[PDB]
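K.L.:
Just so it is clear, I am handing over my_file.pdb, which has PDB, C-alpha atoms.
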ATOM      1  CA  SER Z  92     -44.598 -33.699   4.650  1.00  0.00           C
ATOM      2  CA  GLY Z  93     -41.594 -33.209   2.390  1.00  0.00           C
ATOM      3  CA  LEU Z  94     -38.402 -35.265   2.345  1.00  0.00           C
ATOM      4  CA  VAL Z  95     -37.638 -35.325  -1.381  1.00  0.00           C
ATOM      5  CA  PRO Z  96     -34.111 -36.333  -2.470  1.00  0.00           C
ATOM      6  CA  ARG Z  97     -31.801 -33.314  -2.354  1.00  0.00           C
ATOM      7  CA  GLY Z  98     -28.108 -32.675  -1.770  1.00  0.00           C
ATOM      8  CA  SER Z  99     -26.232 -33.115  -5.042  1.00  0.00           C
ATOM      9  CA  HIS Z 100     -23.818 -30.373  -6.106  1.00  0.00           C
ATOM     10  CA  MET Z 101     -20.473 -30.609  -7.903  1.00  0.00           C
ATOM     11  CA  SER Z 102     -18.431 -28.464 -10.292  1.00  0.00           C
ATOM     12  CA  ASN Z 103     -14.914 -29.309 -11.472  1.00  0.00           C
ATOM     13  CA  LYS Z 104     -13.208 -29.016 -14.858  1.00  0.00           C
ATOM     14  CA  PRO Z 105      -9.402 -28.711 -14.588  1.00  0.00           C
ATOM     15  CA  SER Z 106      -8.534 -27.986 -18.220  1.00  0.00           C
ATOM     16  CA  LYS Z 107      -5.056 -26.508 -17.787  1.00  0.00           C
ATOM     17  CA  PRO Z 108      -2.420 -29.115 -18.738  1.00  0.00           C
ATOM     18  CA  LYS Z 109       0.921 -27.505 -17.891  1.00  0.00           C
ATOM     19  CA  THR Z 110       3.684 -29.729 -19.265  1.00  0.00           C
ATOM     20  CA  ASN Z 111       6.171 -26.922 -19.901  1.00  0.00           C
ATOM     21  CA  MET Z 112       9.565 -26.671 -18.203  1.00  0.00           C
ATOM     22  CA  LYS Z 113      10.819 -23.373 -19.628  1.00  0.00           C
ATOM     23  CA  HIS Z 114      10.632 -20.676 -16.951  1.00  0.00           C
ATOM     24  CA  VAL Z 115      13.838 -18.751 -17.653  1.00  0.00           C
ATOM     25  CA  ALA Z 116      14.001 -15.197 -16.312  1.00  0.00           C
ATOM     26  CA  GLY Z 117      16.898 -13.841 -18.349  1.00  0.00           C
ATOM     27  CA  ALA Z 118      20.096 -13.365 -16.362  1.00  0.00           C
ATOM     28  CA  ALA Z 119      20.216 -11.772 -12.910  1.00  0.00           C
ATOM     29  CA  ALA Z 120      21.783 -13.161  -9.736  1.00  0.00           C
ATOM     30  CA  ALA Z 121      24.096 -11.725  -7.080  1.00  0.00           C
ATOM     31  CA  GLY Z 122      24.300 -12.018  -3.306  1.00  0.00           C
ATOM     32  CA  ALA Z 123      20.702 -11.762  -2.126  1.00  0.00           C
ATOM     33  CA  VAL Z 124      17.850  -9.277  -2.536  1.00  0.00           C
ATOM     34  CA  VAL Z 125      15.093  -9.256   0.083  1.00  0.00           C
ATOM     35  CA  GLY Z 126      11.461  -8.928  -0.955  1.00  0.00           C
ATOM     36  CA  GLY Z 127       8.577 -10.565   0.869  1.00  0.00           C
ATOM     37  CA  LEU Z 128       5.448  -8.570   1.673  1.00  0.00           C
ATOM     38  CA  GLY Z 129       2.683 -10.763   0.285  1.00  0.00           C
ATOM     39  CA  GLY Z 130       0.675  -8.719  -2.189  1.00  0.00           C
ATOM     40  CA  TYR Z 131       0.153  -5.023  -1.503  1.00  0.00           C
ATOM     41  CA  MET Z 132      -0.589  -2.455  -4.208  1.00  0.00           C
ATOM     42  CA  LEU Z 133       2.376  -0.220  -5.039  1.00  0.00           C
ATOM     43  CA  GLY Z 134       1.942   3.415  -6.032  1.00  0.00           C
ATOM     44  CA  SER Z 135       2.880   3.789  -9.691  1.00  0.00           C
ATOM     45  CA  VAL Z 136       2.601   7.519 -10.385  1.00  0.00           C
ATOM     46  CA  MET Z 137       1.160  10.522  -8.548  1.00  0.00           C
ATOM     47  CA  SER Z 138       1.015  14.320  -8.698  1.00  0.00           C
ATOM     48  CA  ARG Z 139      -1.299  15.765  -6.046  1.00  0.00           C
ATOM     49  CA  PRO Z 140       0.016  16.284  -2.490  1.00  0.00           C
ATOM     50  CA  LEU Z 141      -0.074  13.518   0.119  1.00  0.00           C
ATOM     51  CA  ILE Z 142       0.557  15.478   3.316  1.00  0.00           C
ATOM     52  CA  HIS Z 143      -0.263  19.078   4.230  1.00  0.00           C
ATOM     53  CA  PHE Z 144       1.454  20.514   7.305  1.00  0.00           C
ATOM     54  CA  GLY Z 145       0.900  24.262   7.139  1.00  0.00           C
ATOM     55  CA  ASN Z 146       3.822  25.383   9.290  1.00  0.00           C
ATOM     56  CA  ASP Z 147       7.053  26.806   7.873  1.00  0.00           C
ATOM     57  CA  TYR Z 148       9.492  24.434   9.576  1.00  0.00           C
ATOM     58  CA  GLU Z 149       7.092  21.503   9.243  1.00  0.00           C
ATOM     59  CA  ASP Z 150       6.922  22.420   5.554  1.00  0.00           C
ATOM     60  CA  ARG Z 151      10.596  23.004   4.765  1.00  0.00           C
ATOM     61  CA  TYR Z 152      11.489  19.889   6.755  1.00  0.00           C
ATOM     62  CA  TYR Z 153       9.194  17.711   4.644  1.00  0.00           C
ATOM     63  CA  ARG Z 154      10.575  18.945   1.324  1.00  0.00           C
ATOM     64  CA  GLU Z 155      14.031  18.751   2.904  1.00  0.00           C
ATOM     65  CA  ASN Z 156      13.829  15.077   3.869  1.00  0.00           C
ATOM     66  CA  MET Z 157      11.796  14.406   0.725  1.00  0.00           C
ATOM     67  CA  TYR Z 158      14.868  12.956  -0.984  1.00  0.00           C
ATOM     68  CA  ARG Z 159      15.914  11.237   2.243  1.00  0.00           C
ATOM     69  CA  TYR Z 160      12.947   8.859   2.157  1.00  0.00           C
ATOM     70  CA  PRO Z 161      10.960   7.305  -0.720  1.00  0.00           C
ATOM     71  CA  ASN Z 162       7.470   8.313  -1.851  1.00  0.00           C
ATOM     72  CA  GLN Z 163       6.001   4.895  -2.637  1.00  0.00           C
ATOM     73  CA  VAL Z 164       3.795   3.106  -0.106  1.00  0.00           C
ATOM     74  CA  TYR Z 165       2.252  -0.338   0.360  1.00  0.00           C
ATOM     75  CA  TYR Z 166      -1.547  -0.373   0.513  1.00  0.00           C
ATOM     76  CA  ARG Z 167      -4.338  -2.885  -0.090  1.00  0.00           C
ATOM     77  CA  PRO Z 168      -7.533  -2.478  -2.158  1.00  0.00           C
ATOM     78  CA  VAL Z 169     -10.542  -1.067  -0.307  1.00  0.00           C
ATOM     79  CA  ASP Z 170     -13.724  -3.079   0.240  1.00  0.00           C
ATOM     80  CA  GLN Z 171     -17.412  -2.807   1.128  1.00  0.00           C
ATOM     81  CA  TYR Z 172     -17.134  -5.105   4.145  1.00  0.00           C
ATOM     82  CA  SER Z 173     -15.020  -2.540   5.993  1.00  0.00           C
ATOM     83  CA  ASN Z 174     -13.804   1.046   5.644  1.00  0.00           C
ATOM     84  CA  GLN Z 175     -10.460   2.386   4.424  1.00  0.00           C
ATOM     85  CA  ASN Z 176      -9.041   1.439   7.823  1.00  0.00           C
ATOM     86  CA  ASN Z 177      -9.166  -2.140   6.538  1.00  0.00           C
ATOM     87  CA  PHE Z 178      -6.081  -1.385   4.445  1.00  0.00           C
ATOM     88  CA  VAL Z 179      -5.013   1.927   5.982  1.00  0.00           C
ATOM     89  CA  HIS Z 180      -4.485   0.164   9.311  1.00  0.00           C
ATOM     90  CA  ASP Z 181      -1.771  -2.134   7.962  1.00  0.00           C
ATOM     91  CA  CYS Z 182      -0.760   0.505   5.416  1.00  0.00           C
ATOM     92  CA  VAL Z 183       1.031   2.540   8.084  1.00  0.00           C
ATOM     93  CA  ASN Z 184       2.482  -0.461   9.915  1.00  0.00           C
ATOM     94  CA  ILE Z 185       3.937  -1.989   6.751  1.00  0.00           C
ATOM     95  CA  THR Z 186       5.356   1.376   5.690  1.00  0.00           C
ATOM     96  CA  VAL Z 187       6.932   1.826   9.122  1.00  0.00           C
ATOM     97  CA  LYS Z 188       8.668  -1.530   8.693  1.00  0.00           C
ATOM     98  CA  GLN Z 189      10.385  -0.473   5.469  1.00  0.00           C
ATOM     99  CA  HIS Z 190      10.818   3.082   6.752  1.00  0.00           C
ATOM    100  CA  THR Z 191      12.435   2.167  10.070  1.00  0.00           C
ATOM    101  CA  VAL Z 192      14.354  -0.614   8.324  1.00  0.00           C
ATOM    102  CA  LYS Z 197      18.027  -0.963   9.242  1.00  0.00           C
ATOM    103  CA  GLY Z 198      18.748   0.206   5.709  1.00  0.00           C
ATOM    104  CA  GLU Z 199      18.059   3.760   6.856  1.00  0.00           C
ATOM    105  CA  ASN Z 200      17.598   5.469  10.222  1.00  0.00           C
ATOM    106  CA  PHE Z 201      16.279   8.884  11.254  1.00  0.00           C
ATOM    107  CA  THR Z 202      16.437  11.083  14.354  1.00  0.00           C
ATOM    108  CA  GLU Z 203      13.712  11.022  17.007  1.00  0.00           C
ATOM    109  CA  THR Z 204      12.553  14.353  15.579  1.00  0.00           C
ATOM    110  CA  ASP Z 205      12.341  13.013  12.028  1.00  0.00           C
ATOM    111  CA  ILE Z 206      10.171  10.103  13.162  1.00  0.00           C
ATOM    112  CA  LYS Z 207       7.570  12.706  14.119  1.00  0.00           C
ATOM    113  CA  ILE Z 208       7.068  13.998  10.578  1.00  0.00           C
ATOM    114  CA  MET Z 209       7.944  10.673   8.950  1.00  0.00           C
ATOM    115  CA  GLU Z 210       4.904   9.196  10.700  1.00  0.00           C
ATOM    116  CA  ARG Z 211       2.709  12.008   9.380  1.00  0.00           C
ATOM    117  CA  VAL Z 212       3.704  11.766   5.717  1.00  0.00           C
ATOM    118  CA  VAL Z 213       3.143   8.010   5.924  1.00  0.00           C
ATOM    119  CA  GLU Z 214      -0.157   8.164   7.806  1.00  0.00           C
ATOM    120  CA  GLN Z 215      -1.612  10.863   5.554  1.00  0.00           C
ATOM    121  CA  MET Z 216      -0.273   8.908   2.578  1.00  0.00           C
ATOM    122  CA  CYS Z 217      -2.457   5.972   3.617  1.00  0.00           C
ATOM    123  CA  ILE Z 218      -5.735   7.885   3.861  1.00  0.00           C
ATOM    124  CA  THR Z 219      -5.016  10.113   0.864  1.00  0.00           C
ATOM    125  CA  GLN Z 220      -4.709   6.875  -1.106  1.00  0.00           C
ATOM    126  CA  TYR Z 221      -8.255   5.863  -0.175  1.00  0.00           C
ATOM    127  CA  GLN Z 222      -9.512   8.577  -2.524  1.00  0.00           C
ATOM    128  CA  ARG Z 223      -7.868   6.834  -5.478  1.00  0.00           C
ATOM    129  CA  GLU Z 224      -8.675   3.286  -4.366  1.00  0.00           C
ATOM    130  CA  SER Z 225     -12.349   4.257  -4.204  1.00  0.00           C
ATOM    131  CA  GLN Z 226     -12.220   5.917  -7.624  1.00  0.00           C
ATOM    132  CA  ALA Z 227     -11.165   2.634  -9.227  1.00  0.00           C
ATOM    133  CA  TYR Z 228     -13.088   0.476  -6.754  1.00  0.00           C
ATOM    134  CA  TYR Z 229     -16.384   2.169  -7.603  1.00  0.00           C
ATOM    135  CA  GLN Z 230     -15.880   1.625 -11.334  1.00  0.00           C
ATOM    136  CA  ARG Z 231     -17.741  -1.574 -12.207  1.00  0.00           C
ATOM    137  CA  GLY Z 232     -16.901  -3.257 -15.500  1.00  0.00           C
ATOM    138  CA  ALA Z 233     -13.708  -4.968 -16.633  1.00  0.00           C
ATOM    139  CA  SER Z 234     -13.708  -4.716 -20.429  1.00  0.00           C
TER     140      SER Z 234
END
For the structure just supplied, provide its representation as structure tokens.

P.N.:
Amino acid sequence: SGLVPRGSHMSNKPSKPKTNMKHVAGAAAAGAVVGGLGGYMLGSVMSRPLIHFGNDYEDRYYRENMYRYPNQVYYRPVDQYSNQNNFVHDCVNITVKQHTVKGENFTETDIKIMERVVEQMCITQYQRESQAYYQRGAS
């Protein structure tokens, strides 16, 4: 037998009284500036290569359109539940959205390489994400 009294758990302590009404953000307003992704990490600074073609044309083309398109990319933090694909999967899609955006368009031929630089940029990022992800200890 065993039907002892059990089933009592509670934890709540909202100690954050916010009675302030001063949320001024300086001065900046004109027309309208889009910006709604959700919360994806944005590359701050980098040095090493992101994509390696190997062919002359494929090489010159990349460095040629280098200024045409940005270098930053939206990616999420890795995890133990899944592999890099967890973030790399949407990493490419999201990038394609801002890449193929009406703001700028490229030829059918450019889309070929553009997809490579972006794709490789997603996986190549996993190396860094893991470097910081592995580190345990927030001092």

K.L.:
Between CA of residue 175 (chain Z) and CA of residue 227 (chain Z), what is the distance, to one decimal in Å?

P.N.:
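For CA of residue 175 (chain Z) relative to CA of residue 227 (chain Z), the distance reads 13.7 Å.
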
K.L.:
Using only C-alpha atoms and a cutoff of 9 Å, can you tell me which residues are near (3.6, 3.5, -3.3) in the file's coordinates, and write them out as a VMD selection string?

P.N.:
chain Z and resid 132 to 136 161 to 166 216

K.L.:
Could you write out as lines of an AutoDock Vina configuration file the box around region 130-148 of chain Z (axis-aligned, all atoms listed in the file, 4 Å on each side), with centre and edge lengths in Å to one decimal?

P.N.:
center_x = 4.1
center_y = 9.0
center_z = -0.4
size_x = 18.8
size_y = 43.5
size_z = 28.0

K.L.:
Between CA of residue 183 (chain Z) and CA of residue 210 (chain Z), what is the spacing in Å?

P.N.:
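Between these atoms lies a distance of 8.1 Å.
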
K.L.:
Report the distance between CA of residue 142 (chain Z) and CA of residue 178 (chain Z) in Å, rounded to one decimal place.

P.N.:
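Between CA of residue 142 (chain Z) and CA of residue 178 (chain Z) the gap works out to 18.2 Å.
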
K.L.:
Between Z:160, Z:144, Z:221, Z:172, which residue has the minimum interatomic distance to residue 190 (chain Z), considering all atoms listed in the file?

P.N.:
Z:160

K.L.:
Once the PyMOL selection byres ((chain Z and resi 222) around 12) has been evaluated on this model, what residues remain selected, and can you format them as a PyMOL selection string?

P.N.:
chain Z and resi 139+141+168-169+174-175+179+215-221+223-229

K.L.:
Rank Z:138, Z:96, Z:156, Z:112 by their smallest atom-to-atom distance to residue 202 (chain Z), using all atoms listed in the file, and report the top residue only.

P.N.:
Z:156

K.L.:
Give as JSON, numbers by chain the residues that the PyMOL selection byres ((chain Z and resi 187) around 10) matches when applied to the coordinates above.

P.N.:
{"Z": [164, 181, 182, 183, 184, 185, 186, 188, 189, 190, 191, 192, 206, 209, 210, 213, 214]}

K.L.:
Using the atoms already present, construct N, CA and C atoms for region 170-191 of chain Z and hand them back as an mmCIF file, in the frame of the given file.

P.N.:
data_model
loop_
_atom_site.group_PDB
_atom_site.id
_atom_site.type_symbol
_atom_site.label_atom_id
_atom_site.label_comp_id
_atom_site.auth_asym_id
_atom_site.auth_seq_id
_atom_site.Cartn_x
_atom_site.Cartn_y
_atom_site.Cartn_z
ATOM 1 N N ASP Z 170 -12.653 -2.089 0.305
ATOM 2 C CA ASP Z 170 -13.724 -3.079 0.240
ATOM 3 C C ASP Z 170 -15.012 -2.525 0.840
ATOM 4 N N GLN Z 171 -16.116 -3.230 0.611
ATOM 5 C CA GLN Z 171 -17.412 -2.807 1.128
ATOM 6 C C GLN Z 171 -17.647 -3.359 2.529
ATOM 7 N N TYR Z 172 -16.996 -4.474 2.838
ATOM 8 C CA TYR Z 172 -17.134 -5.105 4.145
ATOM 9 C C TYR Z 172 -16.675 -4.165 5.255
ATOM 10 N N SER Z 173 -15.567 -3.471 5.014
ATOM 11 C CA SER Z 173 -15.020 -2.540 5.993
ATOM 12 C C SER Z 173 -14.657 -1.211 5.336
ATOM 13 N N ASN Z 174 -14.186 -0.269 6.145
ATOM 14 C CA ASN Z 174 -13.804 1.046 5.644
ATOM 15 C C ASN Z 174 -12.343 1.057 5.203
ATOM 16 N N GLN Z 175 -11.842 2.240 4.863
ATOM 17 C CA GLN Z 175 -10.460 2.386 4.424
ATOM 18 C C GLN Z 175 -9.495 1.825 5.463
ATOM 19 N N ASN Z 176 -9.873 1.934 6.733
ATOM 20 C CA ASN Z 176 -9.041 1.439 7.823
ATOM 21 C C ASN Z 176 -8.616 -0.005 7.570
ATOM 22 N N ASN Z 177 -9.455 -0.746 6.852
ATOM 23 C CA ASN Z 177 -9.166 -2.140 6.538
ATOM 24 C C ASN Z 177 -7.765 -2.288 5.953
ATOM 25 N N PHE Z 178 -7.394 -1.359 5.079
ATOM 26 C CA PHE Z 178 -6.081 -1.385 4.445
ATOM 27 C C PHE Z 178 -5.172 -0.310 5.034
ATOM 28 N N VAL Z 179 -5.766 0.821 5.404
ATOM 29 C CA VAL Z 179 -5.013 1.927 5.982
ATOM 30 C C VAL Z 179 -4.347 1.516 7.290
ATOM 31 N N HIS Z 180 -5.013 0.639 8.036
ATOM 32 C CA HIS Z 180 -4.485 0.164 9.311
ATOM 33 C C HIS Z 180 -3.109 -0.468 9.127
ATOM 34 N N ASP Z 181 -3.029 -1.447 8.233
ATOM 35 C CA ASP Z 181 -1.771 -2.134 7.962
ATOM 36 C C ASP Z 181 -0.882 -1.299 7.046
ATOM 37 N N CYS Z 182 -1.494 -0.361 6.332
ATOM 38 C CA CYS Z 182 -0.760 0.505 5.416
ATOM 39 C C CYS Z 182 0.368 1.233 6.142
ATOM 40 N N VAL Z 183 0.045 1.814 7.292
ATOM 41 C CA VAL Z 183 1.031 2.540 8.084
ATOM 42 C C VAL Z 183 2.068 1.592 8.674
ATOM 43 N N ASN Z 184 1.595 0.523 9.306
ATOM 44 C CA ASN Z 184 2.482 -0.461 9.915
ATOM 45 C C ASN Z 184 3.522 -0.950 8.911
ATOM 46 N N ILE Z 185 3.048 -1.486 7.791
ATOM 47 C CA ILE Z 185 3.937 -1.989 6.751
ATOM 48 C C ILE Z 185 4.961 -0.935 6.345
ATOM 49 N N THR Z 186 4.483 0.279 6.087
ATOM 50 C CA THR Z 186 5.356 1.376 5.690
ATOM 51 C C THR Z 186 6.418 1.644 6.750
ATOM 52 N N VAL Z 187 6.014 1.590 8.014
ATOM 53 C CA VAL Z 187 6.932 1.826 9.122
ATOM 54 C C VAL Z 187 8.036 0.776 9.153
ATOM 55 N N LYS Z 188 7.705 -0.436 8.717
ATOM 56 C CA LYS Z 188 8.668 -1.530 8.693
ATOM 57 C C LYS Z 188 9.788 -1.248 7.696
ATOM 58 N N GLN Z 189 9.413 -0.782 6.509
ATOM 59 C CA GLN Z 189 10.385 -0.473 5.469
ATOM 60 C C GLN Z 189 11.021 0.893 5.706
ATOM 61 N N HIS Z 190 10.322 1.745 6.450
ATOM 62 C CA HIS Z 190 10.818 3.082 6.752
ATOM 63 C C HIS Z 190 11.848 3.039 7.875
ATOM 64 N N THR Z 191 11.537 2.291 8.930
ATOM 65 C CA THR Z 191 12.435 2.167 10.070
ATOM 66 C C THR Z 191 13.446 1.046 9.856
#
